[PDB]
C-alpha cells in the first residue's frame, strides 16, 4: 500500500523514500520494530511543529506500524552550507522559539538534523523528538541542562557560519 521511490535519507532505524503517490510526502520505513511511544511521539512532535496532517502512521495488513508518511521538508542540509547571511541568526532563534512554544525540548541539535531554506530564511528540523522528564533517569534539572547545552551548541554553529 505504500509506494516507495528513490532513497533520500538513511537513519539508524529507518530508510526514507520518496512517496511515489504524493510529491509533497516522504515514506520513513522502519528497518526494525519501534516502541509505540517512539512512533507516537515522532508523529505528534512532527504534527505539532509542522501542522496537523503533517505525519501519519503507515500500517500493514496485520495492523503493525511499518512506517510514517510525512511532509517533505524544504531547505538544504546545514552541513553543506559553509556560509550564512546575518539574517539567519534571527531564524535559528525563531525555530527554537517555535519548538519551545509547543513544549518540545528539541533533542537532536546536530548540523545533520537541520535544513536551511535560504529563500524563506528559515531553519527546519528534520527528526523532531523531545527530552522527557521521568523518575530518576531524566529529572527536570538533567533535562534542562542537556536541552540548554544542545541549543547553545546549534546556535553556536549557526553564528560561526555568519
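Residue numbers count along the first chain shown, from 1.
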query	finding
Higher-B stretch (mean Cα B-factor, as the entry records it), 73-81 or 88-96	73-81
Residue stretch of maximal mean CA temperature factor, 51-59 vs 112-120	51-59
Chain thirds of CA B-factor: placement of residue 152	middle
B-factor third for the C-alpha atom of residue 28 within its chain	lowest
Relative C-alpha B-factor of residue 43, binned into the chain's lowest, middle or highest third	middle
Lowest, middle or highest third - CA B-factor, residue 104	middle
